[PDB]
Structure formats: structure tokens, C-alpha cells
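Take a look at the structure set out below.
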Amino acid sequence: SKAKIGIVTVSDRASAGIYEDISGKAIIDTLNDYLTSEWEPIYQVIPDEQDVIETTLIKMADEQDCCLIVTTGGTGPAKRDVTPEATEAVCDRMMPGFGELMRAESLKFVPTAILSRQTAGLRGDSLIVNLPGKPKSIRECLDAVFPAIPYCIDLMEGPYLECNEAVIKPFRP
Amino acid sequence: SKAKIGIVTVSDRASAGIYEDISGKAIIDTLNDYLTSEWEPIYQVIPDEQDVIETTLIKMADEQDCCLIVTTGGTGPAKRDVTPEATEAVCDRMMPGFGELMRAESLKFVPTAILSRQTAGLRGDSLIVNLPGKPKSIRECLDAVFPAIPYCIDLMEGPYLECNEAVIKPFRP
Amino acid sequence: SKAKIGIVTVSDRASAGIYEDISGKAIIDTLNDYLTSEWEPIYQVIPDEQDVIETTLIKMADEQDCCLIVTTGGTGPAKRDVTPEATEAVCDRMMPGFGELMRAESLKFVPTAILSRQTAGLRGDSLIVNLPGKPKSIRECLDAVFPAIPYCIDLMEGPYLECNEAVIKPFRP
């Protein structure tokens, strides 16, 4: 089948209106650079509301057959930040290695990396990954974890993602 | 706002007034070396009864306005070690990066650091962090995570902690 | 007293009929290489059926007095990979530092290590640790965490395990 990839920008400010969604743009730019195979971006901007996040992810995974869903925003210690809660609530099983690696990688830049509650889990055969907010952090997190994603999707019997190996090298054992 | 920092020593020999608490003292000494801003320790020595640990953390967070609460003791694989369980019970959202980093740093010279179930989380605007009992493990764990703590407290709209940069360098993005 | 160690090969394929269980064999071979003290393998090969895994782990811990139980297989993101779910189910407290270290060490070879949901935890005084199926990965994970295992067993008041320190050095603080 053809790959559907969800992109969820979680932000009160973006939902109120911003000049440009630089976080969401950073994701689609990076994914376009990664992928040679055809794919369909399923994009949504939503507020920091746990229930709305959950609803969004559920539709993308269940109805829209998204094999991957990447979120940006709402992963810090602030009370409004509930993307990880929403993610835990919708996944059947978590992927501890992703949160581990993303923080380890982010800590190479900033001591405050350990304040991120970014996680990842599976809802059926969809992989959902929580990314940071800043465009450069987004690319740093994706460069770190995406090498494992096409294989993860393979094991989940999902679409076979083909990458521009001039940009990123998926590992497939 | 003057910063109030909770210090909780959990110990099976602590109904004894003659217990010398070298762990609590290590926390106090470390924080004294770290901080240049004024702060106030709210200090309790308690038995390793999960119920009592929970009541203590809740009081310090809900009543006594502790911006940060640091526990020592009761984090290992022994059946009586229930400090993590108490911590999970009172926190409304967990901070997985703290336990990850504390073990990662500690295991380099103490392989048995991986046996610590130490964790961290947030109760409202209070950051709660589990340390091991041994003073050297205490300094090591605080050195690894404290650089992220002033900014976490900033994001919580708590007091503004300042540090002696020759001893420890908090990061603020 | 006399050390009993559970070895569980989790594999639909092996359970169906296989010339040799290389996964289970890798574990036995590794332990024999590590230990100089007398120990008894409690060995079972079972399919990828969560209820079966849980039943097996419970028996090994509660009935068979296994101080350590090591699983191989079923830790990835595939539909039928349910070994970590079973381990979570039967353990009363988790040991997050094991999965962290195993993944972190594995990541130094192959970026897909982040796809393992391998975990570890305690059921009563039994330590249960998830390994991947591949024999090379089994030995790498064991090399990473075994140095902390004899001490953990000491803390849980179990058998005193002694090692060939020419192969592996248990750390006992």
C-alpha cells in the first residue's frame, strides 16, 4: 500500500494563529528529504488539549491508516503540556528506546534535555513518536531515530519506505 | 519568592532520634555548594512505609510550597524499598529523563547503579526527584540532573534559583 | 542456597519444532561461562502467547524458586511480540535501568536496537530480564547487565553467585 504519515502540531499558539508553523514545516521538510517512496502527509494543528490530541492520533491511526505519526509540541514539564499523556492513552504498547535515545541525543546540546517527556508507542501497527518543538531540535531528533523507523514499519507489515540514502541511511538487519 | 526545597530521608532506623542522617546532610551540603540564591530546607526523616512517604511528599508539595523535593533512600531492589512507588503515587506526571540520566552517569563507575529504581516527577508545580542513599551517589546524581532544575522551576513559574557556576552550571534556554 | 535460574525461549517457530534451540542454548552457554558456583537451569520453550509466558514466569518465580529468570525472543514491535507485556504483568516492580543499558549498549552496533521493548523487573525476590532472540545479542545484553545481577540477588537475600572473573566481574559495593 501507499504510505500515510501523520504530522500533528500540538500548540495553543499555533491554534490561535501564527505566521507559519515552523515546527510542522520542519517535519514535512525533513521527511520529504528522507523519502524517495511516495507518501501522503496527514497534517493537523491542534491545541494543548489531551482529549483533542487523543482523538486526532486515533483517527490518523485507525481511520487514516497512518503507519507513522509524528507529533511536535507539548512534551515539557508545564501543566498545559499533555502530548505524552495523550500518546500513552492511545497506544497499546510503548517504545521505551525512542524516548531514551531522543533525550540522550538532545542532552548533547542542552542540559535541559532531561525535562522532555517525549515518548513513542504503537497503536496497532502505527508507530507514534513525540518530537520536540524547535526546527533544529526536530531535525536532530529525527536524524537520531528515523534510521530505525522503516525497519520498525517492515516488522509491522506496513508500507516499505524507501529513503534517499544521500540524506539518511535506514538500517534493515 | 524564597525557594523552599523539601529534603526527605527514608530510613528503616529513623524512629531513632539518635540516627545520624549522613544522606540528608549530603543533600543539604550539596545544595549549599550549588546555590547562591536564598533557599530554605524543609527536612524530614521518615521510615520506609510507603503511606508515610506519600503523606510527606504531598505535604511538602501542597502545603509547604516546595518547588523541588529531593528524596534519599529506598530506591533499590529490596522489598522494603518503596520510595519510587510512593513517588509514582503522588506525582501527576513523571519525568523519565531524570532516572535515565542518573543511572547512565552512575553506572559508569558503579555498575550496580542499574539496580536503582529512582525516578522523578511533578506534583502540580513541585519537582520531586529520588536519590540513592550513599552520599557519593547523592553528589553524582545531583551533579547530573541539577543543571536542568532551575529552568524546570522557571517553567513551573517557581522561584529563580541561581548557582555558583564554579560548582554547577544551570542551563537556561 | 542452591541457585535456580529460569531460561525461557519465547518463539512460535521453536515451539513448533526446531532442530536446535540456539537462543536458549546461548543463554545456558553464557551462564556456564560466567558462573563457577553450582546452578540449575529451569528451561522451557513456549510460543508467543502472552498468557503462556505469564504462566511460565509465575511458576518459575513462585514454585520453582528461580532467583533469576532470563527470557529470549518476542521483544520487538511485531504483533506477536508480547514478552515484555507478560513480564510487566507478573512483576510487582520494574527495573528500568536494565532495558536502558541493554538498548544503549546495543545502539553502539545497530540503530534498530531502539525497537526492542525488552525490560526487566522483580516478581517477589525473582529478577526477570528480557533478552532478544539473536544469540549474538543475547551475549551482548548479558555482558552488559550481568555484572550487576549477583549483587541484586544478594540484596533480595538469594543465592550467592560466584563468577569466573576471567570472563565476568560481578560488582558488589
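Letters A, B, ... go to the chains of the C-alpha cells in the order shown; residues in each chain start at 1; ligands are counted from 1 in the same order.
Chain B and chain A, identical in sequence, superpose over all their Cα atoms with an RMSD of 0.9 Å.
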(message) Using only C-alpha atoms and a cut-off of 10 Å, which residues of chain C sit close to chain B? Please list them as JSON, numbers by chain.
(response) {"C": [92, 93, 94, 95, 96, 97, 98, 99, 100, 101, 104, 121, 122, 124, 125, 127, 144, 145, 146, 147, 148, 149, 150, 151, 152, 153, 154, 155, 156, 157, 170, 171, 172, 173]}
Store the residues picked out above in a file with N, CA, C and O atoms, as a short mmCIF file (atom, residue, chain, number, x, y, z; two decimals), in the first residue's frame.
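Done, and the output landed in part.cif:
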```cif
data_model
loop_
_atom_site.label_atom_id
_atom_site.label_comp_id
_atom_site.auth_asym_id
_atom_site.auth_seq_id
_atom_site.Cartn_x
_atom_site.Cartn_y
_atom_site.Cartn_z
N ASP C 92 6.03 -7.17 40.15
CA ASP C 92 5.40 -6.16 41.01
C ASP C 92 6.15 -4.81 41.03
O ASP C 92 5.60 -3.78 41.44
N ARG C 93 7.39 -4.80 40.56
CA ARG C 93 8.16 -3.57 40.46
C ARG C 93 9.12 -3.76 39.31
O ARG C 93 9.69 -4.84 39.15
N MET C 94 9.28 -2.72 38.49
CA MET C 94 10.09 -2.83 37.29
C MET C 94 11.51 -2.39 37.60
O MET C 94 11.75 -1.66 38.57
N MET C 95 12.44 -2.85 36.78
CA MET C 95 13.84 -2.41 36.88
C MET C 95 14.28 -1.71 35.60
O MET C 95 14.90 -2.34 34.74
N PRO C 96 13.97 -0.41 35.47
CA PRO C 96 14.10 0.32 34.20
C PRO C 96 15.55 0.40 33.70
O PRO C 96 15.77 0.49 32.48
N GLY C 97 16.52 0.38 34.62
CA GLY C 97 17.93 0.50 34.26
C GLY C 97 18.49 -0.61 33.36
O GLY C 97 19.48 -0.40 32.63
N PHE C 98 17.87 -1.80 33.44
CA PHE C 98 18.26 -2.94 32.57
C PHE C 98 17.97 -2.67 31.12
O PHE C 98 18.90 -2.77 30.29
N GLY C 99 16.72 -2.31 30.79
CA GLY C 99 16.35 -2.07 29.37
C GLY C 99 17.15 -0.88 28.80
O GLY C 99 17.60 -0.89 27.63
N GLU C 100 17.30 0.15 29.62
CA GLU C 100 18.11 1.32 29.26
C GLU C 100 19.53 0.93 28.86
O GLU C 100 20.02 1.36 27.83
N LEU C 101 20.20 0.13 29.67
CA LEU C 101 21.59 -0.21 29.42
C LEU C 101 21.71 -1.17 28.24
O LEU C 101 22.60 -1.03 27.39
N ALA C 104 21.15 0.88 25.17
CA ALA C 104 22.24 1.84 24.97
C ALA C 104 23.50 1.14 24.43
O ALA C 104 24.14 1.64 23.51
N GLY C 121 12.28 -6.76 35.63
CA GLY C 121 11.50 -6.44 36.81
C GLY C 121 11.65 -7.54 37.82
O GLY C 121 12.34 -8.53 37.59
N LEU C 122 10.95 -7.37 38.93
CA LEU C 122 11.08 -8.25 40.04
C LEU C 122 9.71 -8.85 40.32
O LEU C 122 8.75 -8.11 40.42
N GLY C 124 8.42 -10.83 43.38
CA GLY C 124 8.90 -11.21 44.71
C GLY C 124 10.40 -10.99 44.75
O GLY C 124 10.88 -9.91 44.44
N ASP C 125 11.15 -12.03 45.10
CA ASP C 125 12.61 -11.98 45.07
C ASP C 125 13.23 -12.55 43.78
O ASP C 125 14.40 -12.89 43.75
N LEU C 127 14.49 -11.96 39.94
CA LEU C 127 14.76 -10.95 38.91
C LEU C 127 14.48 -11.53 37.53
O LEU C 127 14.95 -12.63 37.18
N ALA C 144 26.42 -6.89 29.30
CA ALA C 144 26.14 -5.53 29.72
C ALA C 144 25.57 -5.55 31.14
O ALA C 144 26.00 -4.79 32.01
N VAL C 145 24.61 -6.44 31.39
CA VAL C 145 23.94 -6.32 32.67
C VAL C 145 24.36 -7.32 33.73
O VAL C 145 24.17 -7.05 34.91
N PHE C 146 24.96 -8.44 33.33
CA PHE C 146 25.23 -9.48 34.32
C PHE C 146 26.09 -9.03 35.47
O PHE C 146 25.93 -9.54 36.56
N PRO C 147 27.04 -8.11 35.23
CA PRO C 147 27.91 -7.60 36.32
C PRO C 147 27.13 -7.08 37.52
O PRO C 147 27.64 -7.10 38.64
N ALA C 148 25.89 -6.63 37.30
CA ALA C 148 25.08 -6.12 38.42
C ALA C 148 24.14 -7.16 39.03
O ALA C 148 23.49 -6.90 40.04
N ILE C 149 24.04 -8.34 38.41
CA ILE C 149 23.00 -9.32 38.81
C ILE C 149 23.29 -10.07 40.13
O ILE C 149 22.40 -10.19 40.98
N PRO C 150 24.51 -10.59 40.32
CA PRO C 150 24.81 -11.25 41.59
C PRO C 150 24.53 -10.36 42.81
O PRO C 150 23.97 -10.83 43.79
N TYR C 151 24.85 -9.07 42.73
CA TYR C 151 24.60 -8.15 43.83
C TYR C 151 23.11 -7.96 44.09
O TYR C 151 22.67 -7.95 45.24
N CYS C 152 22.35 -7.84 43.02
CA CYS C 152 20.90 -7.72 43.10
C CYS C 152 20.30 -8.94 43.79
O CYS C 152 19.40 -8.84 44.63
N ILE C 153 20.83 -10.10 43.46
CA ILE C 153 20.37 -11.31 44.10
C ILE C 153 20.71 -11.35 45.61
O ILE C 153 19.87 -11.79 46.41
N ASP C 154 21.93 -10.90 45.97
CA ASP C 154 22.34 -10.65 47.38
C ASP C 154 21.33 -9.76 48.11
O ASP C 154 20.90 -10.07 49.25
N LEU C 155 20.95 -8.64 47.48
CA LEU C 155 20.01 -7.70 48.11
C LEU C 155 18.63 -8.30 48.34
O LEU C 155 17.94 -7.92 49.29
N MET C 156 18.23 -9.21 47.46
CA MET C 156 16.97 -9.91 47.57
C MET C 156 17.14 -11.18 48.38
O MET C 156 16.25 -12.02 48.41
N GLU C 157 18.29 -11.30 49.06
CA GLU C 157 18.57 -12.39 50.00
C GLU C 157 18.50 -13.78 49.37
O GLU C 157 18.06 -14.74 50.00
N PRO C 170 31.53 -9.64 38.75
CA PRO C 170 30.37 -9.10 39.42
C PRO C 170 30.82 -7.93 40.26
O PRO C 170 31.88 -7.98 40.87
N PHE C 171 30.01 -6.88 40.30
CA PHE C 171 30.35 -5.72 41.10
C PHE C 171 29.52 -5.78 42.37
O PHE C 171 28.29 -5.90 42.31
N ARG C 172 30.19 -5.73 43.51
CA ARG C 172 29.48 -5.81 44.79
C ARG C 172 29.94 -4.68 45.69
O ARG C 172 31.02 -4.77 46.25
N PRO C 173 29.13 -3.60 45.81
CA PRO C 173 29.56 -2.45 46.63
C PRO C 173 29.42 -2.69 48.13
O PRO C 173 28.57 -3.48 48.54
#
```
(request) Pull the strand (DSSP E or B) assignments for stretch 6-168 of chain A out of DSSP run on the backbone, and list those residues as a ChimeraX atom specification. (result) /A:6-10,35,39-46,66-72,93-94,120-123,126-131,163
Selection export as a CSV table (one decimal), in the first residue's frame, atoms kept: N, CA, C and O atoms:
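Full text of selection-v1.csv as output:
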```csv
chain,number,residue,atom,x,y,z
A,6,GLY,N,1.3,10.7,9.5
A,6,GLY,CA,0.6,11.8,10.3
A,6,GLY,C,1.6,12.8,10.8
A,6,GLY,O,2.6,12.5,11.3
A,7,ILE,N,1.2,14.1,10.7
A,7,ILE,CA,2.0,15.2,11.3
A,7,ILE,C,1.1,16.0,12.1
A,7,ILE,O,0.2,16.6,11.6
A,8,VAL,N,1.3,16.0,13.5
A,8,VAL,CA,0.4,16.7,14.4
A,8,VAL,C,1.2,17.8,15.1
A,8,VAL,O,2.2,17.5,15.8
A,9,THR,N,0.8,19.0,14.8
A,9,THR,CA,1.4,20.2,15.6
A,9,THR,C,0.5,20.5,16.8
A,9,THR,O,-0.6,20.9,16.6
A,10,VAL,N,1.1,20.2,17.9
A,10,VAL,CA,0.3,20.5,19.2
A,10,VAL,C,0.8,21.8,19.8
A,10,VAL,O,1.9,22.0,20.3
A,35,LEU,N,12.6,10.7,2.2
A,35,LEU,CA,11.8,9.7,1.5
A,35,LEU,C,11.9,9.8,0.0
A,35,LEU,O,11.8,10.9,-0.6
A,39,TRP,N,4.5,9.2,-0.6
A,39,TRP,CA,3.8,9.2,0.7
A,39,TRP,C,2.8,10.4,0.8
A,39,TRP,O,2.9,11.4,0.1
A,40,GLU,N,1.8,10.2,1.7
A,40,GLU,CA,0.8,11.2,1.9
A,40,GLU,C,0.9,11.7,3.3
A,40,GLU,O,0.6,11.0,4.3
A,41,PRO,N,1.2,13.0,3.4
A,41,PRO,CA,1.2,13.8,4.7
A,41,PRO,C,-0.2,14.0,5.2
A,41,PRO,O,-1.0,14.5,4.4
A,42,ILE,N,-0.5,13.5,6.4
A,42,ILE,CA,-1.8,13.9,7.0
A,42,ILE,C,-1.6,14.8,8.2
A,42,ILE,O,-1.1,14.5,9.2
A,43,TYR,N,-1.8,16.1,7.9
A,43,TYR,CA,-1.4,17.2,8.8
A,43,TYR,C,-2.5,17.8,9.6
A,43,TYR,O,-3.6,18.1,9.1
A,44,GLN,N,-2.3,18.0,10.9
A,44,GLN,CA,-3.3,18.8,11.7
A,44,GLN,C,-2.6,19.6,12.7
A,44,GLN,O,-1.6,19.3,13.3
A,45,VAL,N,-3.2,20.8,12.9
A,45,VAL,CA,-2.7,21.7,14.1
A,45,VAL,C,-3.9,21.7,15.1
A,45,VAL,O,-5.0,21.8,14.8
A,46,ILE,N,-3.5,21.4,16.4
A,46,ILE,CA,-4.4,21.3,17.5
A,46,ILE,C,-3.9,22.0,18.7
A,46,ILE,O,-2.7,22.1,18.9
A,66,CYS,N,-2.4,5.6,9.1
A,66,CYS,CA,-1.1,6.2,9.1
A,66,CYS,C,-0.2,5.2,9.7
A,66,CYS,O,-0.4,4.7,10.9
A,67,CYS,N,0.9,4.8,9.0
A,67,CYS,CA,1.9,3.8,9.5
A,67,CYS,C,2.9,4.5,10.5
A,67,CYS,O,3.5,3.8,11.3
A,68,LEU,N,3.1,5.8,10.3
A,68,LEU,CA,3.8,6.6,11.3
A,68,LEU,C,3.0,7.9,11.6
A,68,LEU,O,2.4,8.5,10.7
A,69,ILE,N,3.1,8.3,12.9
A,69,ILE,CA,2.5,9.6,13.2
A,69,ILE,C,3.6,10.3,14.1
A,69,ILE,O,4.0,9.8,15.1
A,70,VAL,N,3.9,11.6,13.7
A,70,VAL,CA,4.9,12.3,14.5
A,70,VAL,C,4.2,13.6,15.0
A,70,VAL,O,3.5,14.2,14.3
A,71,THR,N,4.4,13.8,16.3
A,71,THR,CA,3.9,15.0,17.0
A,71,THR,C,5.0,16.0,17.2
A,71,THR,O,6.1,15.6,17.3
A,72,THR,N,4.6,17.2,17.3
A,72,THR,CA,5.5,18.3,17.8
A,72,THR,C,4.8,19.2,18.8
A,72,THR,O,3.7,19.7,18.5
A,93,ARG,N,1.1,-0.4,23.4
A,93,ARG,CA,2.3,-0.7,24.0
A,93,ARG,C,3.3,0.4,23.6
A,93,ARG,O,3.3,1.0,22.5
A,94,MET,N,4.2,0.7,24.6
A,94,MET,CA,5.2,1.9,24.4
A,94,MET,C,6.5,1.4,23.8
A,94,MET,O,6.7,0.2,23.8
A,120,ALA,N,7.1,7.4,22.8
A,120,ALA,CA,6.7,6.7,21.5
A,120,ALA,C,6.0,5.5,21.9
A,120,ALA,O,6.4,4.9,22.9
A,121,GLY,N,5.1,5.1,21.0
A,121,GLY,CA,4.3,3.8,21.3
A,121,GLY,C,3.7,3.4,20.0
A,121,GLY,O,3.8,4.1,19.0
A,122,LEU,N,3.1,2.2,20.1
A,122,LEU,CA,2.4,1.6,19.0
A,122,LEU,C,0.9,1.6,19.3
A,122,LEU,O,0.5,1.1,20.4
A,123,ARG,N,0.1,2.0,18.3
A,123,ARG,CA,-1.3,1.8,18.3
A,123,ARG,C,-1.6,0.8,17.1
A,123,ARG,O,-1.5,1.3,16.0
A,126,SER,N,0.5,1.2,13.9
A,126,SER,CA,1.0,2.5,13.7
A,126,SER,C,2.0,2.9,14.8
A,126,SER,O,1.8,2.6,16.0
A,127,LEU,N,3.2,3.4,14.4
A,127,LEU,CA,4.2,4.0,15.3
A,127,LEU,C,3.9,5.5,15.5
A,127,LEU,O,3.8,6.2,14.5
A,128,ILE,N,3.9,5.9,16.8
A,128,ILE,CA,3.6,7.3,17.1
A,128,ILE,C,4.8,7.8,17.8
A,128,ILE,O,5.2,7.1,18.8
A,129,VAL,N,5.4,8.9,17.4
A,129,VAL,CA,6.7,9.4,18.0
A,129,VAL,C,6.5,10.9,18.4
A,129,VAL,O,6.1,11.7,17.5
A,130,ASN,N,6.9,11.2,19.6
A,130,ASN,CA,6.7,12.6,20.1
A,130,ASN,C,8.1,13.3,19.8
A,130,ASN,O,9.1,12.9,20.3
A,131,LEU,N,8.0,14.4,19.0
A,131,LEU,CA,9.2,15.2,18.7
A,131,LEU,C,9.2,16.5,19.5
A,131,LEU,O,8.2,16.9,20.0
A,163,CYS,N,14.2,5.3,1.2
A,163,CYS,CA,14.9,6.6,1.6
A,163,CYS,C,16.0,7.0,0.6
A,163,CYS,O,16.6,6.2,-0.1
```
(request) Quote the spacing between atom CA of residue C:3 and atom CA of residue C:58 in Å to one decimal place. (result) 17.2 Å
(message) Taking only C-alpha atoms into account, name the residue in B:27, B:165, B:133, B:91 that is nearest to residue B:61.
(response) B:91
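Going from atom CA of residue C:141 to atom CA of residue C:26 covers 11.5 Å.
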(request) Measuring atom to atom with only C-alpha atoms, identify which of B:75, B:11, B:30, B:37 is nearest to residue B:142. (result) B:30
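Taking atom CA of residue A:60 and atom CA of residue A:36 as the two end points, the separation is 22.0 Å.
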